[PDB]
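Novice: The structure follows.
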Amino acid sequence: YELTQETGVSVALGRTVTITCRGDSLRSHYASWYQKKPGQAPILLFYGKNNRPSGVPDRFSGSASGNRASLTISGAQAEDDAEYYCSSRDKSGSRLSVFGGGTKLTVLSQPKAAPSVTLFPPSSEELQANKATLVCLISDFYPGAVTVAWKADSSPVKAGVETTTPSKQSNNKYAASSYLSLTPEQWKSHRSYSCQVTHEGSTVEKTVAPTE
Amino acid sequence: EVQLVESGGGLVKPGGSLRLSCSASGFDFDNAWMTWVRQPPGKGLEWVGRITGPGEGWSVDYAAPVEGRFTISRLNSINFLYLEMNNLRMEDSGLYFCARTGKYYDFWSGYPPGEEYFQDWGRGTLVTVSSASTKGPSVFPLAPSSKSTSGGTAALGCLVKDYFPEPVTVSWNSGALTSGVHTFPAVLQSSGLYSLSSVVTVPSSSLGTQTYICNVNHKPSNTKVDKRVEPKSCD
């Protein structure tokens, strides 16, 4: 991107946090900030030198220096858990506009919970269809951020992997799923397959073998 | 009261054409700057183009990846904003917004031509560009076992594989079983087809007695599937 933002930032409930936007154009231009929740229209939070739209809570405020612009939230609430985008010119003096990659803000309001992991081997039913899918289900963890890595035997598996973005459960804990697409030949040609879920620096691993 | 309503979104083949509409009300539309913004699935907001007012001669600017294929226009007499897209590509998905655009310029520290910001937004409209044809899902069982069981509870589910287009709705035991159920968001494979999973945690005790059937519904292909999930026989 031309405007760089943090991929994700976290903050304790009721505390202050600052997410930034950096770009050469910002040296000459001001940035605007937008909140975005899934299935809801974006909202302008801040723009110009010191401009906040009426209706936007005062805990939102923007600042700038050099090639960086910052959005600060003083006293984060539970609802503030959302995506945040900065916008400005792509170059100095440009008539075009552009957005940053956006930052996913996590507001921490619950105890950490270790992920519950279950790895399903390809069903006999599916294998008859000349297909094979390893299903790695992850549930009951907090906060909602995980890294999934697959292993064929001891070696890492690059392609065939598909992973969803974590979503809220009924109990406000998060859940995610990962899929490894194999051909029945590949599936039967290895001794075992493993699903490695990394959550908050710790890694949990589940394994299945074709001999079943 | 500012209102913005996008429409015209739908399915279209690569290389096809599509025109989006945006009806505006509650502000001076004649002199208002209007901007189209799109959010690809699982990605962020991307600036598409903007159309100015009478002062700058209704001039239009486009994002580089889109220029030459997209055209922005307006009809002030009925308060409509248009985005006309030709030779659509897959990347041109998926959710398009129109936004009332304000202009900002600080005379003492600012640099021309100032900045453009987006005061009001519509709900958006969804554009899907794929060569894929409508397909019903293949449903496979995620059978529970010792490996799927921990702490007196077990996990079982359904694999809803290779369907198009979205969405799929999944229930368990005709809606009776709702506790412990979680249906995952679909994933989009390189083939252009969707797949998702629906899991429910149940007491280990119940496995022997209770029956578990997932109900898969896919209205785009008019397909209903009742699939029973029971523990696999090792034999």
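Each chain of the structure tokens is named A, B, ... in the order shown, its residues numbered from 1; ligands are numbered from 1 in display order.
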Can you write out as a Markdown table which residues of chain A fall within 7 Å of chain B, alongside each residue's closest atom pair and its distance in Å to one decimal, counting only C-alpha atoms and ordering rows by chain and ascending residue number?
Specialist:
| residue | atom | partner | partner_atom | distance |
| --- | --- | --- | --- | --- |
| A:28 | CA | B:111 | CA | 5.6 |
| A:29 | CA | B:111 | CA | 6.4 |
| A:30 | CA | B:115 | CA | 6.6 |
| A:32 | CA | B:117 | CA | 6.3 |
| A:40 | CA | B:123 | CA | 6.6 |
| A:41 | CA | B:123 | CA | 5.1 |
| A:42 | CA | B:121 | CA | 6.4 |
| A:44 | CA | B:119 | CA | 5.8 |
| A:48 | CA | B:104 | CA | 6.4 |
| A:88 | CA | B:115 | CA | 6.6 |
| A:89 | CA | B:115 | CA | 6.9 |
| A:93 | CA | B:112 | CA | 5.6 |
| A:95 | CA | B:113 | CA | 6.8 |
| A:96 | CA | B:61 | CA | 6.5 |
| A:97 | CA | B:47 | CA | 6.4 |
| A:98 | CA | B:47 | CA | 5.4 |
| A:99 | CA | B:46 | CA | 5.9 |
| A:101 | CA | B:44 | CA | 5.9 |
| A:102 | CA | B:44 | CA | 6.1 |
| A:118 | CA | B:148 | CA | 5.7 |
| A:120 | CA | B:142 | CA | 6.5 |
| A:123 | CA | B:141 | CA | 6.8 |
| A:125 | CA | B:140 | CA | 6.9 |
| A:126 | CA | B:140 | CA | 6.5 |
| A:162 | CA | B:187 | CA | 7.0 |
| A:164 | CA | B:187 | CA | 6.4 |
| A:169 | CA | B:182 | CA | 6.7 |
Novice: Do you know which residues are at most 12 Å from residue 81 of chain B counting only C-alpha atoms, after dropping those on the same chain fewer than 6 positions away, and could you put them as a ChimeraX atom specification?
Specialist: /B:4-8,19-25,29-30,32-36,49-52,71-75,97-100,122
Novice: Nearest to residue 201 of chain A: which of A:147, A:35, A:51, A:10 is it, counting only C-alpha atoms?
Specialist: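 The shortest atom-to-atom distance to residue 201 of chain A comes from A:147.
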Novice: Among segment 59-177 of chain B, which ones does DSSP place in strand (DSSP E), written as a PyMOL selection string?
Specialist: chain B and resi 60-62+70-75+80-85+94-104+115-121+125-129+138-142+149-150+153-163+169-172
Novice: Next, the residues of the selection above should be written as a CSV table (one decimal), in the first residue's frame with C-alpha atoms.
Specialist:
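Okay, this is what ended up in result_31.csv:
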chain,number,residue,atom,x,y,z
B,60,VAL,CA,-13.9,12.2,-12.8
B,61,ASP,CA,-10.8,10.5,-11.4
B,62,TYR,CA,-10.2,6.7,-11.3
B,70,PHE,CA,-15.0,1.8,-15.2
B,71,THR,CA,-17.1,5.0,-15.8
B,72,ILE,CA,-18.7,7.2,-13.1
B,73,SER,CA,-21.6,9.4,-14.1
B,74,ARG,CA,-24.6,11.2,-12.5
B,75,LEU,CA,-28.2,12.4,-13.2
B,80,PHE,CA,-28.7,9.2,-9.0
B,81,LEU,CA,-25.1,8.2,-9.0
B,82,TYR,CA,-23.8,5.6,-11.5
B,83,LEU,CA,-20.8,3.2,-11.7
B,84,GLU,CA,-20.6,1.5,-15.0
B,85,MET,CA,-18.2,-1.4,-15.2
B,94,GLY,CA,-17.2,-7.7,-4.0
B,95,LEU,CA,-19.0,-5.0,-2.0
B,96,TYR,CA,-19.4,-1.4,-3.4
B,97,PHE,CA,-20.2,1.7,-1.5
B,98,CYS,CA,-21.2,5.2,-2.6
B,99,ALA,CA,-20.1,8.1,-0.3
B,100,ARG,CA,-20.9,11.8,0.1
B,101,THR,CA,-17.5,13.4,-0.3
B,102,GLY,CA,-16.4,16.6,1.5
B,103,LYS,CA,-13.4,18.8,0.7
B,104,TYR,CA,-10.8,20.0,3.2
B,115,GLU,CA,-7.9,16.4,1.0
B,116,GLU,CA,-11.2,14.6,0.2
B,117,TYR,CA,-13.1,12.8,3.0
B,118,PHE,CA,-16.2,10.7,3.2
B,119,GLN,CA,-19.0,12.0,5.4
B,120,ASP,CA,-21.8,9.6,4.7
B,121,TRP,CA,-22.0,6.1,3.3
B,125,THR,CA,-24.2,-3.5,-2.9
B,126,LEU,CA,-22.6,-6.8,-3.6
B,127,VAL,CA,-20.9,-7.5,-7.0
B,128,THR,CA,-19.9,-11.1,-7.7
B,129,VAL,CA,-17.6,-11.9,-10.6
B,138,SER,CA,-21.9,-32.4,-1.5
B,139,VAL,CA,-22.5,-33.1,2.2
B,140,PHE,CA,-20.0,-35.3,4.0
B,141,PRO,CA,-20.1,-36.4,7.7
B,142,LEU,CA,-17.6,-35.3,10.3
B,149,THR,CA,-13.8,-36.4,22.4
B,150,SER,CA,-12.4,-34.7,25.5
B,153,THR,CA,-18.0,-33.9,25.6
B,154,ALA,CA,-17.7,-34.9,21.9
B,155,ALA,CA,-17.6,-32.9,18.7
B,156,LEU,CA,-19.4,-33.9,15.5
B,157,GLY,CA,-20.4,-32.1,12.3
B,158,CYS,CA,-21.1,-31.8,8.6
B,159,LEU,CA,-18.8,-30.8,5.7
B,160,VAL,CA,-20.7,-28.8,3.1
B,161,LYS,CA,-18.4,-29.0,0.1
B,162,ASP,CA,-18.2,-27.4,-3.3
B,163,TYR,CA,-21.3,-25.2,-3.8
B,169,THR,CA,-28.0,-22.4,5.9
B,170,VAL,CA,-27.5,-25.3,8.3
B,171,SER,CA,-29.6,-26.5,11.2
B,172,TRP,CA,-29.4,-29.6,13.4
Novice: Please list as a PyMOL selection string every residue within 9 Å of segment 63-71 of chain A, counting only C-alpha atoms and excluding residues in the same chain fewer than 6 positions away.
Specialist: chain A and resi 17-28+30-33+46+49-50+86
Novice: Go ahead and write the residues just picked, N, CA, C and O atoms, as a PDB file, in the first residue's frame.
Specialist:
ATOM      1  N   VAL A  17      -5.490   3.509  23.374  1.00  0.00           N
ATOM      2  CA  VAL A  17      -4.733   2.868  22.305  1.00  0.00           C
ATOM      3  C   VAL A  17      -4.555   3.829  21.127  1.00  0.00           C
ATOM      4  O   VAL A  17      -5.415   4.669  20.855  1.00  0.00           O
ATOM      5  N   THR A  18      -3.424   3.711  20.440  1.00  0.00           N
ATOM      6  CA  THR A  18      -3.156   4.541  19.277  1.00  0.00           C
ATOM      7  C   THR A  18      -2.733   3.707  18.074  1.00  0.00           C
ATOM      8  O   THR A  18      -1.716   3.014  18.115  1.00  0.00           O
ATOM      9  N   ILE A  19      -3.510   3.787  16.999  1.00  0.00           N
ATOM     10  CA  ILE A  19      -3.133   3.135  15.754  1.00  0.00           C
ATOM     11  C   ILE A  19      -2.671   4.192  14.761  1.00  0.00           C
ATOM     12  O   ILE A  19      -3.184   5.312  14.738  1.00  0.00           O
ATOM     13  N   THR A  20      -1.685   3.838  13.947  1.00  0.00           N
ATOM     14  CA  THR A  20      -1.051   4.821  13.089  1.00  0.00           C
ATOM     15  C   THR A  20      -1.215   4.510  11.612  1.00  0.00           C
ATOM     16  O   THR A  20      -1.601   3.410  11.220  1.00  0.00           O
ATOM     17  N   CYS A  21      -0.935   5.524  10.808  1.00  0.00           N
ATOM     18  CA  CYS A  21      -0.953   5.429   9.364  1.00  0.00           C
ATOM     19  C   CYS A  21       0.265   6.182   8.843  1.00  0.00           C
ATOM     20  O   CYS A  21       0.424   7.367   9.135  1.00  0.00           O
ATOM     21  N   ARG A  22       1.137   5.508   8.098  1.00  0.00           N
ATOM     22  CA  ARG A  22       2.335   6.174   7.589  1.00  0.00           C
ATOM     23  C   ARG A  22       2.379   6.148   6.066  1.00  0.00           C
ATOM     24  O   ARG A  22       1.979   5.167   5.436  1.00  0.00           O
ATOM     25  N   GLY A  23       2.863   7.238   5.484  1.00  0.00           N
ATOM     26  CA  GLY A  23       2.966   7.367   4.042  1.00  0.00           C
ATOM     27  C   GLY A  23       3.590   8.700   3.692  1.00  0.00           C
ATOM     28  O   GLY A  23       3.407   9.684   4.408  1.00  0.00           O
ATOM     29  N   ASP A  24       4.324   8.735   2.585  1.00  0.00           N
ATOM     30  CA  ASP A  24       5.051   9.935   2.188  1.00  0.00           C
ATOM     31  C   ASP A  24       4.111  11.099   1.908  1.00  0.00           C
ATOM     32  O   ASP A  24       4.476  12.258   2.100  1.00  0.00           O
ATOM     33  N   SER A  25       2.898  10.783   1.465  1.00  0.00           N
ATOM     34  CA  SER A  25       1.913  11.798   1.110  1.00  0.00           C
ATOM     35  C   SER A  25       1.436  12.562   2.333  1.00  0.00           C
ATOM     36  O   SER A  25       1.029  13.719   2.232  1.00  0.00           O
ATOM     37  N   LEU A  26       1.492  11.910   3.490  1.00  0.00           N
ATOM     38  CA  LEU A  26       1.015  12.516   4.729  1.00  0.00           C
ATOM     39  C   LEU A  26       1.747  13.724   5.304  1.00  0.00           C
ATOM     40  O   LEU A  26       1.225  14.421   6.173  1.00  0.00           O
ATOM     41  N   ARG A  27       2.923  13.878   4.740  1.00  0.00           N
ATOM     42  CA  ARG A  27       3.844  14.934   4.957  1.00  0.00           C
ATOM     43  C   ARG A  27       3.194  16.149   4.418  1.00  0.00           C
ATOM     44  O   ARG A  27       3.368  17.209   4.950  1.00  0.00           O
ATOM     45  N   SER A  28       2.475  16.009   3.320  1.00  0.00           N
ATOM     46  CA  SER A  28       1.795  17.146   2.754  1.00  0.00           C
ATOM     47  C   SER A  28       0.301  17.143   2.901  1.00  0.00           C
ATOM     48  O   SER A  28      -0.314  18.148   2.709  1.00  0.00           O
ATOM     49  N   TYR A  30      -3.442  15.784   4.989  1.00  0.00           N
ATOM     50  CA  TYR A  30      -4.105  15.308   6.175  1.00  0.00           C
ATOM     51  C   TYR A  30      -4.823  13.996   5.966  1.00  0.00           C
ATOM     52  O   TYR A  30      -5.182  13.663   4.876  1.00  0.00           O
ATOM     53  N   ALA A  31      -5.030  13.240   7.021  1.00  0.00           N
ATOM     54  CA  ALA A  31      -5.697  11.956   6.883  1.00  0.00           C
ATOM     55  C   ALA A  31      -7.092  11.985   7.490  1.00  0.00           C
ATOM     56  O   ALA A  31      -7.392  12.815   8.352  1.00  0.00           O
ATOM     57  N   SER A  32      -7.947  11.085   7.020  1.00  0.00           N
ATOM     58  CA  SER A  32      -9.259  10.882   7.618  1.00  0.00           C
ATOM     59  C   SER A  32      -9.363   9.441   8.110  1.00  0.00           C
ATOM     60  O   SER A  32      -8.689   8.552   7.591  1.00  0.00           O
ATOM     61  N   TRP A  33     -10.192   9.216   9.126  1.00  0.00           N
ATOM     62  CA  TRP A  33     -10.260   7.910   9.772  1.00  0.00           C
ATOM     63  C   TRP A  33     -11.662   7.333   9.745  1.00  0.00           C
ATOM     64  O   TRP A  33     -12.643   8.053   9.926  1.00  0.00           O
ATOM     65  N   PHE A  46     -12.886  11.045  12.057  1.00  0.00           N
ATOM     66  CA  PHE A  46     -12.004  12.187  12.222  1.00  0.00           C
ATOM     67  C   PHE A  46     -11.428  12.568  10.865  1.00  0.00           C
ATOM     68  O   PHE A  46     -11.185  11.698  10.026  1.00  0.00           O
ATOM     69  N   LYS A  49      -7.346  18.818  10.168  1.00  0.00           N
ATOM     70  CA  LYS A  49      -6.370  19.130  11.205  1.00  0.00           C
ATOM     71  C   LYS A  49      -6.860  18.669  12.570  1.00  0.00           C
ATOM     72  O   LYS A  49      -6.150  17.963  13.284  1.00  0.00           O
ATOM     73  N   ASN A  50      -8.069  19.084  12.934  1.00  0.00           N
ATOM     74  CA  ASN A  50      -8.634  18.721  14.225  1.00  0.00           C
ATOM     75  C   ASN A  50     -10.158  18.603  14.156  1.00  0.00           C
ATOM     76  O   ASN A  50     -10.871  19.149  14.994  1.00  0.00           O
ATOM     77  N   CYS A  86      -7.504   4.407   7.527  1.00  0.00           N
ATOM     78  CA  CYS A  86      -7.089   5.777   7.279  1.00  0.00           C
ATOM     79  C   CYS A  86      -7.134   6.042   5.784  1.00  0.00           C
ATOM     80  O   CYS A  86      -6.944   5.131   4.981  1.00  0.00           O
TER      81      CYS A  86
END
Novice: So the first atom is atom CA of residue 47 of chain A and the second is atom CA of residue 105 of chain A; what is the distance between them in Å, to one decimal place?
Specialist: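 These atoms are spaced 19.3 Å apart.
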Novice: In Å, with one decimal, what is the gap from atom CA of residue 18 of chain B to atom CA of residue 65 of chain B?
Specialist: 16.9 Å
Novice: Let's see if you can do this: from backbone DSSP, list all alpha helix (DSSP H) residues in chain A, as a ChimeraX atom specification.
Specialist: /A:124-127,184-188
Novice: With N, CA and C atoms retained, write the just-selected residues as a compact mmCIF listing (two decimals), in the first residue's frame.
Specialist:
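Written out: selection_10.txt:
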# COMPACT_ATOMS: atom_id res chain seq x y z
N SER A 124 -14.70 -41.92 4.89
CA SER A 124 -14.71 -43.00 3.91
C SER A 124 -15.61 -42.63 2.75
N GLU A 125 -16.68 -41.91 3.06
CA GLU A 125 -17.62 -41.43 2.07
C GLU A 125 -16.95 -40.52 1.04
N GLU A 126 -16.17 -39.56 1.52
CA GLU A 126 -15.50 -38.61 0.63
C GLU A 126 -14.42 -39.26 -0.21
N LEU A 127 -13.68 -40.19 0.38
CA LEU A 127 -12.60 -40.87 -0.32
C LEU A 127 -13.12 -41.65 -1.53
N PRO A 184 -6.65 -38.49 -2.66
CA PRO A 184 -6.61 -39.77 -1.95
C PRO A 184 -5.24 -40.44 -2.02
N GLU A 185 -4.53 -40.21 -3.12
CA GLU A 185 -3.18 -40.75 -3.29
C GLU A 185 -2.23 -40.11 -2.29
N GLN A 186 -2.26 -38.78 -2.22
CA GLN A 186 -1.45 -38.03 -1.26
C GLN A 186 -1.76 -38.44 0.17
N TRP A 187 -3.04 -38.58 0.47
CA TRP A 187 -3.51 -38.93 1.81
C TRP A 187 -2.97 -40.27 2.29
N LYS A 188 -2.95 -41.26 1.40
CA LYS A 188 -2.53 -42.61 1.77
C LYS A 188 -1.01 -42.80 1.68
Novice: Near residue 222 of chain B, within 10 Å and counting only C-alpha atoms, which residues show up once chain neighbours fewer than 3 positions away are dropped, as a count of residues only?
Specialist: 5
Novice: Between B:173, B:193, B:201, B:152, single out the one closest to residue 228 of chain B, counting only C-alpha atoms.
Specialist: B:173
Novice: Atom CA of residue 6 of chain A and atom CA of residue 37 of chain A are how many Å apart?
Specialist: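 Atom-to-atom, atom CA of residue 6 of chain A and atom CA of residue 37 of chain A are spaced 17.2 Å apart.
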